[PDB]
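Visitor: Provided herewith: start_26.pdb, PDB, C-alpha atoms and all ligand atoms.
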ATOM      1  CA  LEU I 636     -27.824 -40.542 -13.822  1.00  0.00           C
ATOM      2  CA  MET I 637     -25.753 -37.527 -12.758  1.00  0.00           C
ATOM      3  CA  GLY I 638     -28.832 -36.529 -10.796  1.00  0.00           C
ATOM      4  CA  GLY I 639     -31.827 -34.292 -11.398  1.00  0.00           C
ATOM      5  CA  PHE I 640     -35.002 -34.131 -13.463  1.00  0.00           C
ATOM      6  CA  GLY I 641     -35.299 -35.798 -16.852  1.00  0.00           C
ATOM      7  CA  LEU I 642     -37.347 -33.703 -19.269  1.00  0.00           C
ATOM      8  CA  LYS I 643     -38.582 -34.422 -22.796  1.00  0.00           C
ATOM      9  CA  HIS I 644     -38.850 -30.667 -23.377  1.00  0.00           C
ATOM     10  CA  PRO I 645     -36.208 -29.093 -21.103  1.00  0.00           C
ATOM     11  CA  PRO I 646     -35.457 -25.383 -20.873  1.00  0.00           C
ATOM     12  CA  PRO I 647     -34.362 -24.361 -24.391  1.00  0.00           C
ATOM     13  CA  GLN I 648     -30.759 -23.650 -25.255  1.00  0.00           C
ATOM     14  CA  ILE I 649     -30.129 -19.908 -25.311  1.00  0.00           C
ATOM     15  CA  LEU I 650     -27.573 -19.006 -27.965  1.00  0.00           C
ATOM     16  CA  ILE I 651     -25.820 -15.650 -28.109  1.00  0.00           C
ATOM     17  CA  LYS I 652     -23.221 -14.100 -30.402  1.00  0.00           C
ATOM     18  CA  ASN I 653     -21.625 -10.751 -31.182  1.00  0.00           C
ATOM     19  CA  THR I 654     -22.432  -9.781 -34.756  1.00  0.00           C
ATOM     20  CA  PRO I 655     -19.279  -9.515 -36.889  1.00  0.00           C
ATOM     21  CA  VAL I 656     -18.382  -5.944 -37.820  1.00  0.00           C
ATOM     22  CA  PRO I 657     -16.162  -5.643 -40.892  1.00  0.00           C
ATOM     23  CA  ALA I 658     -13.042  -3.568 -40.664  1.00  0.00           C
ATOM     24  CA  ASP I 659     -12.638  -1.419 -43.775  1.00  0.00           C
ATOM     25  CA  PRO I 660     -12.932  -3.578 -46.927  1.00  0.00           C
ATOM     26  CA  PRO I 661     -10.869  -3.223 -50.081  1.00  0.00           C
ATOM     27  CA  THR I 662     -11.697  -0.432 -52.495  1.00  0.00           C
ATOM     28  CA  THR I 663     -12.170  -2.677 -55.491  1.00  0.00           C
ATOM     29  CA  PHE I 664     -14.481  -5.676 -55.451  1.00  0.00           C
ATOM     30  CA  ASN I 665     -13.372  -9.131 -54.429  1.00  0.00           C
ATOM     31  CA  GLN I 666     -15.284 -12.422 -54.197  1.00  0.00           C
ATOM     32  CA  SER I 667     -13.642 -13.610 -50.956  1.00  0.00           C
ATOM     33  CA  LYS I 668     -15.550 -13.452 -47.696  1.00  0.00           C
ATOM     34  CA  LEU I 669     -14.258 -10.668 -45.473  1.00  0.00           C
ATOM     35  CA  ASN I 670     -11.807 -11.924 -42.855  1.00  0.00           C
ATOM     36  CA  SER I 671     -10.791  -8.596 -41.342  1.00  0.00           C
ATOM     37  CA  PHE I 672     -13.050  -7.504 -38.479  1.00  0.00           C
ATOM     38  CA  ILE I 673     -13.164  -4.830 -35.809  1.00  0.00           C
ATOM     39  CA  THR I 674     -12.116  -6.300 -32.475  1.00  0.00           C
ATOM     40  CA  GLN I 675     -14.961  -6.296 -29.995  1.00  0.00           C
ATOM     41  CA  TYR I 676     -16.785  -8.036 -27.180  1.00  0.00           C
ATOM     42  CA  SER I 677     -20.012  -7.552 -25.273  1.00  0.00           C
ATOM     43  CA  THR I 678     -21.237  -7.471 -21.707  1.00  0.00           C
ATOM     44  CA  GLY I 679     -24.543  -7.050 -19.902  1.00  0.00           C
ATOM     45  CA  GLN I 680     -26.740  -8.658 -17.278  1.00  0.00           C
ATOM     46  CA  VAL I 681     -28.851 -11.800 -17.365  1.00  0.00           C
ATOM     47  CA  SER I 682     -31.772 -12.785 -15.111  1.00  0.00           C
ATOM     48  CA  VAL I 683     -33.340 -16.140 -14.429  1.00  0.00           C
ATOM     49  CA  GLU I 684     -36.399 -16.594 -12.285  1.00  0.00           C
ATOM     50  CA  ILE I 685     -37.682 -20.033 -11.446  1.00  0.00           C
ATOM     51  CA  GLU I 686     -40.773 -21.032  -9.530  1.00  0.00           C
ATOM     52  CA  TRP I 687     -40.485 -24.252  -7.550  1.00  0.00           C
ATOM     53  CA  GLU I 688     -43.284 -26.299  -6.031  1.00  0.00           C
ATOM     54  CA  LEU I 689     -42.595 -27.700  -2.579  1.00  0.00           C
ATOM     55  CA  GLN I 690     -43.912 -30.924  -1.107  1.00  0.00           C
ATOM     56  CA  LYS I 691     -44.225 -30.223   2.589  1.00  0.00           C
ATOM     57  CA  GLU I 692     -43.185 -32.758   5.201  1.00  0.00           C
ATOM     58  CA  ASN I 693     -46.015 -34.541   7.052  1.00  0.00           C
ATOM     59  CA  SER I 694     -44.102 -36.746   9.537  1.00  0.00           C
ATOM     60  CA  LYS I 695     -45.304 -38.161  12.859  1.00  0.00           C
ATOM     61  CA  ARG I 696     -41.732 -39.002  13.870  1.00  0.00           C
ATOM     62  CA  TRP I 697     -41.526 -38.094  17.557  1.00  0.00           C
ATOM     63  CA  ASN I 698     -37.790 -37.514  17.922  1.00  0.00           C
ATOM     64  CA  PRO I 699     -35.883 -34.676  16.173  1.00  0.00           C
ATOM     65  CA  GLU I 700     -34.586 -35.124  12.632  1.00  0.00           C
ATOM     66  CA  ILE I 701     -31.129 -34.749  11.184  1.00  0.00           C
ATOM     67  CA  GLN I 702     -30.605 -31.251   9.753  1.00  0.00           C
ATOM     68  CA  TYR I 703     -27.922 -29.520   7.740  1.00  0.00           C
ATOM     69  CA  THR I 704     -26.290 -27.004  10.071  1.00  0.00           C
ATOM     70  CA  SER I 705     -23.472 -24.463  10.065  1.00  0.00           C
ATOM     71  CA  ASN I 706     -20.521 -25.319  12.312  1.00  0.00           C
ATOM     72  CA  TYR I 707     -20.739 -23.894  15.826  1.00  0.00           C
ATOM     73  CA  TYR I 708     -17.167 -23.242  16.913  1.00  0.00           C
ATOM     74  CA  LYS I 709     -14.721 -20.585  15.779  1.00  0.00           C
ATOM     75  CA  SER I 710     -13.128 -20.731  12.369  1.00  0.00           C
ATOM     76  CA  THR I 711     -10.664 -18.764  10.236  1.00  0.00           C
ATOM     77  CA  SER I 712     -13.369 -17.843   7.756  1.00  0.00           C
ATOM     78  CA  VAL I 713     -17.099 -18.260   7.232  1.00  0.00           C
ATOM     79  CA  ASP I 714     -18.319 -21.287   5.267  1.00  0.00           C
ATOM     80  CA  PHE I 715     -19.911 -20.193   1.970  1.00  0.00           C
ATOM     81  CA  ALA I 716     -18.496 -16.675   2.004  1.00  0.00           C
ATOM     82  CA  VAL I 717     -15.557 -14.819   0.528  1.00  0.00           C
ATOM     83  CA  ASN I 718     -11.831 -14.723   1.147  1.00  0.00           C
ATOM     84  CA  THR I 719      -9.637 -11.985   2.396  1.00  0.00           C
ATOM     85  CA  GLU I 720      -8.935 -11.962  -1.330  1.00  0.00           C
ATOM     86  CA  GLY I 721     -12.590 -11.727  -2.323  1.00  0.00           C
ATOM     87  CA  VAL I 722     -12.850 -15.318  -3.538  1.00  0.00           C
ATOM     88  CA  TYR I 723     -16.126 -17.103  -2.896  1.00  0.00           C
ATOM     89  CA  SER I 724     -15.969 -20.816  -2.122  1.00  0.00           C
ATOM     90  CA  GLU I 725     -18.227 -23.790  -1.415  1.00  0.00           C
ATOM     91  CA  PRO I 726     -16.483 -25.729   1.414  1.00  0.00           C
ATOM     92  CA  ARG I 727     -18.547 -28.872   0.952  1.00  0.00           C
ATOM     93  CA  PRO I 728     -21.168 -30.579  -1.199  1.00  0.00           C
ATOM     94  CA  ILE I 729     -24.648 -30.178   0.264  1.00  0.00           C
ATOM     95  CA  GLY I 730     -27.148 -32.863  -0.474  1.00  0.00           C
ATOM     96  CA  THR I 731     -30.863 -32.841  -0.046  1.00  0.00           C
ATOM     97  CA  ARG I 732     -31.766 -35.804   2.169  1.00  0.00           C
ATOM     98  CA  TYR I 733     -32.061 -34.775   5.806  1.00  0.00           C
ATOM     99  CA  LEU I 734     -35.697 -35.310   6.747  1.00  0.00           C
ATOM    100  CA  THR I 735     -36.815 -38.923   6.918  1.00  0.00           C
ATOM    101  CA  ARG I 736     -39.742 -40.883   5.617  1.00  0.00           C
ATOM    102  CA  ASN I 737     -41.054 -44.421   6.186  1.00  0.00           C
ATOM    103  CA  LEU I 738     -41.074 -46.867   3.310  1.00  0.00           C
TER     104      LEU I 738
ATOM    105  CA  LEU B 636     -36.626 -14.584  34.975  1.00  0.00           C
ATOM    106  CA  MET B 637     -36.851 -18.374  34.655  1.00  0.00           C
ATOM    107  CA  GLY B 638     -37.814 -17.676  31.062  1.00  0.00           C
ATOM    108  CA  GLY B 639     -41.057 -17.297  29.146  1.00  0.00           C
ATOM    109  CA  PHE B 640     -43.972 -14.904  28.753  1.00  0.00           C
ATOM    110  CA  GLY B 641     -45.117 -12.632  31.559  1.00  0.00           C
ATOM    111  CA  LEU B 642     -48.899 -12.282  31.623  1.00  0.00           C
ATOM    112  CA  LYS B 643     -51.185 -10.086  33.729  1.00  0.00           C
ATOM    113  CA  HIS B 644     -54.020 -12.541  33.058  1.00  0.00           C
ATOM    114  CA  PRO B 645     -52.331 -15.931  32.532  1.00  0.00           C
ATOM    115  CA  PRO B 646     -54.146 -19.195  31.873  1.00  0.00           C
ATOM    116  CA  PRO B 647     -56.366 -19.745  34.936  1.00  0.00           C
ATOM    117  CA  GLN B 648     -55.553 -22.308  37.583  1.00  0.00           C
ATOM    118  CA  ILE B 649     -57.620 -25.448  37.058  1.00  0.00           C
ATOM    119  CA  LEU B 650     -58.523 -27.043  40.380  1.00  0.00           C
ATOM    120  CA  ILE B 651     -59.846 -30.579  40.697  1.00  0.00           C
ATOM    121  CA  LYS B 652     -60.917 -32.770  43.607  1.00  0.00           C
ATOM    122  CA  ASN B 653     -62.697 -36.042  44.312  1.00  0.00           C
ATOM    123  CA  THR B 654     -65.858 -35.348  46.285  1.00  0.00           C
ATOM    124  CA  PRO B 655     -65.754 -36.980  49.733  1.00  0.00           C
ATOM    125  CA  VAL B 656     -68.109 -39.940  50.075  1.00  0.00           C
ATOM    126  CA  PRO B 657     -69.054 -40.776  53.662  1.00  0.00           C
ATOM    127  CA  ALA B 658     -68.675 -44.319  54.845  1.00  0.00           C
ATOM    128  CA  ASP B 659     -71.699 -45.369  56.899  1.00  0.00           C
ATOM    129  CA  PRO B 660     -72.391 -42.796  59.652  1.00  0.00           C
ATOM    130  CA  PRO B 661     -73.496 -43.553  63.194  1.00  0.00           C
ATOM    131  CA  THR B 662     -77.110 -44.481  63.814  1.00  0.00           C
ATOM    132  CA  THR B 663     -77.743 -41.772  66.363  1.00  0.00           C
ATOM    133  CA  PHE B 664     -76.981 -38.123  65.698  1.00  0.00           C
ATOM    134  CA  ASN B 665     -73.652 -36.529  66.467  1.00  0.00           C
ATOM    135  CA  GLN B 666     -72.395 -32.964  65.971  1.00  0.00           C
ATOM    136  CA  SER B 667     -68.886 -33.936  64.810  1.00  0.00           C
ATOM    137  CA  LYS B 668     -67.962 -33.682  61.153  1.00  0.00           C
ATOM    138  CA  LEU B 669     -67.727 -37.106  59.546  1.00  0.00           C
ATOM    139  CA  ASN B 670     -64.151 -38.377  59.361  1.00  0.00           C
ATOM    140  CA  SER B 671     -64.822 -41.850  57.987  1.00  0.00           C
ATOM    141  CA  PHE B 672     -64.896 -41.964  54.182  1.00  0.00           C
ATOM    142  CA  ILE B 673     -65.017 -44.540  51.418  1.00  0.00           C
ATOM    143  CA  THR B 674     -61.568 -44.955  49.899  1.00  0.00           C
ATOM    144  CA  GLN B 675     -61.481 -43.802  46.307  1.00  0.00           C
ATOM    145  CA  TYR B 676     -59.594 -42.088  43.517  1.00  0.00           C
ATOM    146  CA  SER B 677     -60.341 -40.906  40.006  1.00  0.00           C
ATOM    147  CA  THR B 678     -58.847 -41.100  36.549  1.00  0.00           C
ATOM    148  CA  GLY B 679     -59.656 -39.795  33.083  1.00  0.00           C
ATOM    149  CA  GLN B 680     -58.150 -37.896  30.180  1.00  0.00           C
ATOM    150  CA  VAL B 681     -57.277 -34.235  29.768  1.00  0.00           C
ATOM    151  CA  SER B 682     -56.744 -32.249  26.550  1.00  0.00           C
ATOM    152  CA  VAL B 683     -55.005 -28.965  25.937  1.00  0.00           C
ATOM    153  CA  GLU B 684     -54.938 -27.257  22.585  1.00  0.00           C
ATOM    154  CA  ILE B 685     -52.912 -24.129  22.046  1.00  0.00           C
ATOM    155  CA  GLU B 686     -52.657 -21.941  18.986  1.00  0.00           C
ATOM    156  CA  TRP B 687     -49.304 -20.248  18.475  1.00  0.00           C
ATOM    157  CA  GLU B 688     -48.488 -17.369  16.156  1.00  0.00           C
ATOM    158  CA  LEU B 689     -45.188 -17.640  14.314  1.00  0.00           C
ATOM    159  CA  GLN B 690     -42.931 -14.810  13.221  1.00  0.00           C
ATOM    160  CA  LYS B 691     -41.296 -16.066  10.060  1.00  0.00           C
ATOM    161  CA  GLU B 692     -37.620 -15.509   9.351  1.00  0.00           C
ATOM    162  CA  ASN B 693     -36.784 -12.890   6.696  1.00  0.00           C
ATOM    163  CA  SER B 694     -32.960 -13.091   6.527  1.00  0.00           C
ATOM    164  CA  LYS B 695     -30.663 -12.134   3.646  1.00  0.00           C
ATOM    165  CA  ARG B 696     -27.763 -14.007   5.248  1.00  0.00           C
ATOM    166  CA  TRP B 697     -26.006 -15.739   2.353  1.00  0.00           C
ATOM    167  CA  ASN B 698     -24.305 -18.599   4.183  1.00  0.00           C
ATOM    168  CA  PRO B 699     -26.195 -21.444   5.939  1.00  0.00           C
ATOM    169  CA  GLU B 700     -27.409 -21.032   9.513  1.00  0.00           C
ATOM    170  CA  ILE B 701     -26.810 -23.107  12.598  1.00  0.00           C
ATOM    171  CA  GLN B 702     -29.605 -25.653  13.113  1.00  0.00           C
ATOM    172  CA  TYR B 703     -30.578 -28.101  15.815  1.00  0.00           C
ATOM    173  CA  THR B 704     -29.943 -31.568  14.400  1.00  0.00           C
ATOM    174  CA  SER B 705     -30.147 -35.205  15.460  1.00  0.00           C
ATOM    175  CA  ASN B 706     -26.798 -36.992  15.756  1.00  0.00           C
ATOM    176  CA  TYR B 707     -25.680 -38.794  12.606  1.00  0.00           C
ATOM    177  CA  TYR B 708     -23.668 -41.787  13.773  1.00  0.00           C
ATOM    178  CA  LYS B 709     -24.808 -44.992  15.434  1.00  0.00           C
ATOM    179  CA  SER B 710     -25.986 -45.021  19.011  1.00  0.00           C
ATOM    180  CA  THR B 711     -27.288 -47.475  21.613  1.00  0.00           C
ATOM    181  CA  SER B 712     -30.697 -45.832  21.626  1.00  0.00           C
ATOM    182  CA  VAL B 713     -32.594 -43.056  19.878  1.00  0.00           C
ATOM    183  CA  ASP B 714     -32.485 -39.562  21.395  1.00  0.00           C
ATOM    184  CA  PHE B 715     -35.945 -38.538  22.653  1.00  0.00           C
ATOM    185  CA  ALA B 716     -37.429 -42.027  22.591  1.00  0.00           C
ATOM    186  CA  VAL B 717     -38.030 -44.863  25.010  1.00  0.00           C
ATOM    187  CA  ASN B 718     -35.877 -47.425  26.764  1.00  0.00           C
ATOM    188  CA  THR B 719     -35.756 -51.134  26.450  1.00  0.00           C
ATOM    189  CA  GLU B 720     -37.670 -50.649  29.686  1.00  0.00           C
ATOM    190  CA  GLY B 721     -40.221 -48.281  28.174  1.00  0.00           C
ATOM    191  CA  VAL B 722     -38.832 -45.163  29.844  1.00  0.00           C
ATOM    192  CA  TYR B 723     -38.945 -41.957  27.835  1.00  0.00           C
ATOM    193  CA  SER B 724     -36.074 -39.513  28.283  1.00  0.00           C
ATOM    194  CA  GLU B 725     -34.900 -36.085  27.139  1.00  0.00           C
ATOM    195  CA  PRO B 726     -31.118 -36.463  26.540  1.00  0.00           C
ATOM    196  CA  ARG B 727     -30.447 -32.736  26.439  1.00  0.00           C
ATOM    197  CA  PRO B 728     -31.969 -29.292  26.918  1.00  0.00           C
ATOM    198  CA  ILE B 729     -33.057 -27.777  23.611  1.00  0.00           C
ATOM    199  CA  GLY B 730     -33.055 -24.044  23.342  1.00  0.00           C
ATOM    200  CA  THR B 731     -34.645 -21.841  20.772  1.00  0.00           C
ATOM    201  CA  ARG B 732     -31.899 -19.651  19.301  1.00  0.00           C
ATOM    202  CA  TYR B 733     -30.497 -21.145  16.112  1.00  0.00           C
ATOM    203  CA  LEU B 734     -31.389 -18.710  13.342  1.00  0.00           C
ATOM    204  CA  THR B 735     -29.575 -15.389  13.452  1.00  0.00           C
ATOM    205  CA  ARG B 736     -30.578 -11.781  13.167  1.00  0.00           C
ATOM    206  CA  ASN B 737     -28.666  -8.495  12.841  1.00  0.00           C
ATOM    207  CA  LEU B 738     -28.878  -5.952  15.623  1.00  0.00           C
TER     208      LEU B 738
HETATM  209 NA    NA O 801     -22.224 -23.877   6.636  1.00  0.00          NA
HETATM  210 NA    NA O 802     -31.965 -35.553  18.659  1.00  0.00          NA
END
Go ahead and express the file in the form of structure tokens.
Ligand code: NA
Ligand code: NA
Guide:
Amino acid sequence: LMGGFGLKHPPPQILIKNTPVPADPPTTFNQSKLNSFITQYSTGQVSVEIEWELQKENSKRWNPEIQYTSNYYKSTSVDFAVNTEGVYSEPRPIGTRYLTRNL
Amino acid sequence: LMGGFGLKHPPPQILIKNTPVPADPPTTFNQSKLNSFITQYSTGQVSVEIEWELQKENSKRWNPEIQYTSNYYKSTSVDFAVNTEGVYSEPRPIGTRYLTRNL
């Protein structure tokens, strides 16, 4: 309902975790689980490549269609670009239904 | 200068003409060229097929481009369609420069 493709076997969940690294333990044995760990975090890159199949348009509509377009006249900033502060932003929601089709 | 492609050997001129058909001539010989012809005209269909090579766009521009689009809101008629009188019309001139390219 929120939109999209419903899949019985969707892309799998990808779980990740930093392995706990004990800080020095006591010198004489104790049953209790360790609760003192070295403070750490991780970082790295991640890549996702997806192949999409397109269904080309085959319309005999004579007149031009509606199309998503960038604004023409001057503006303080560029839509879908960064700030003077380096902040990226999406000015508006962009749908998918521009071309038309008969029923 | 009016725009377009300059060709040393452009598509050839295609000339057409209805052959003159004499109306009855005099019964005794006369030097003069005939000047009395049967009234006629011709009609038929004509076809032109042209193959065009396209140079696809290869831009890394992140933000959307400007695009020619049909108007969104209601209107008395449809742009680039016929009249209630069956008259076709081109509401505006449509150029060719929407996508962008670096220098
Ligand atoms: Na835009
Ligand atoms: Na239009």
Visitor: First collect every listed atom of region 706-724 of chain B; then fit an axis-aligned box around them, widen it by 4 Å on each side, and give centre and edge lengths in Å to one decimal, as AutoDock Vina command-line options.
Guide:
--center_x -31.9 --center_y -44.1 --center_z 21.2 --size_x 24.6 --size_y 22.1 --size_z 25.2
Visitor: Just checking: using all atoms listed in the file, which residue out of B:659, B:714, B:720, B:686 ends up closest to chain I?
Guide: B:714
Visitor: Run through the PyMOL selection byres (((not hetatm)) within 7 of (chain O and resi 802)) on the given coordinates and return the selected residues as a PyMOL selection string.
Guide: (chain I and resi 698-700) or (chain B and resi 704-706+714-715)
Visitor: Just C-alpha atoms for this one: save the residues we selected as an mmCIF file, in the coordinates of the input.
Guide:
data_model
loop_
_atom_site.group_PDB
_atom_site.id
_atom_site.type_symbol
_atom_site.label_atom_id
_atom_site.label_comp_id
_atom_site.auth_asym_id
_atom_site.auth_seq_id
_atom_site.Cartn_x
_atom_site.Cartn_y
_atom_site.Cartn_z
ATOM 1 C CA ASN I 698 -37.790 -37.514 17.922
ATOM 2 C CA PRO I 699 -35.883 -34.676 16.173
ATOM 3 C CA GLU I 700 -34.586 -35.124 12.632
ATOM 4 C CA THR B 704 -29.943 -31.568 14.400
ATOM 5 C CA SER B 705 -30.147 -35.205 15.460
ATOM 6 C CA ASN B 706 -26.798 -36.992 15.756
ATOM 7 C CA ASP B 714 -32.485 -39.562 21.395
ATOM 8 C CA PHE B 715 -35.945 -38.538 22.653
#
Visitor: Excluding residue 733 (chain B) and its own-chain neighbours fewer than 4 positions away, which residues fall within 9 Å of it when counting all atoms listed in the file? Please give them as a tab-separated table (two decimals) with C-alpha atoms, in the frame of the given file.
Guide:
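Output file result_15.tsv follows:
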chain	number	residue	atom	x	y	z
B	700	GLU	CA	-27.41	-21.03	9.51
B	701	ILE	CA	-26.81	-23.11	12.60
B	702	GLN	CA	-29.60	-25.65	13.11
B	703	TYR	CA	-30.58	-28.10	15.82
Visitor: I:660, I:726, I:655, I:645: which is nearest chain B, counting all atoms listed in the file?
Guide: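 Among I:660, I:726, I:655, I:645, it is I:726 that comes nearest to chain B.
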Visitor: List the residues matched by the PyMOL selection byres (((chain B and resi 712) around 12) and not hetatm) in the displayed structure as a list in words, ordered by chain and then by residue number.
Guide: residues 698 of chain I; 706, 708, 709, 710, 711, 713, 714, 715, 716, 717, 718, 719, 720, 721, 722, 723, 724, 725 and 726 of chain B
Visitor: If you measure from CA of residue 736 (chain I) to CA of residue 693 (chain I), what distance in Å do you get, rounded to one decimal?
Guide: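 Taking CA of residue 736 (chain I) and CA of residue 693 (chain I), their separation equals 9.0 Å.
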Visitor: Take CA of residue 729 (chain B) and CA of residue 732 (chain I) and report the distance between them in Å, one decimal.
Guide: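 Separating CA of residue 729 (chain B) from CA of residue 732 (chain I) is a distance of 22.9 Å.
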Visitor: Taking 2 positions as the minimum chain separation for residues in the same chain, which residues sit within 9 Å of residue 692 (chain B) when counting all atoms listed in the file? Answer as a list in words.
Guide: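 Returned residues: residues 690, 694, 734 and 736 of chain B.
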Visitor: Measuring between only C-alpha atoms, which one of B:639, B:735, B:697, B:663 shows the shortest distance to chain I?
Guide: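 Distance minimum relative to chain I lands on B:697.
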Visitor: If you measure from CA of residue 685 (chain B) to CA of residue 646 (chain B), what distance in Å do you get, rounded to one decimal?
Guide: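 Separation of CA of residue 685 (chain B) and CA of residue 646 (chain B): 11.1 Å.
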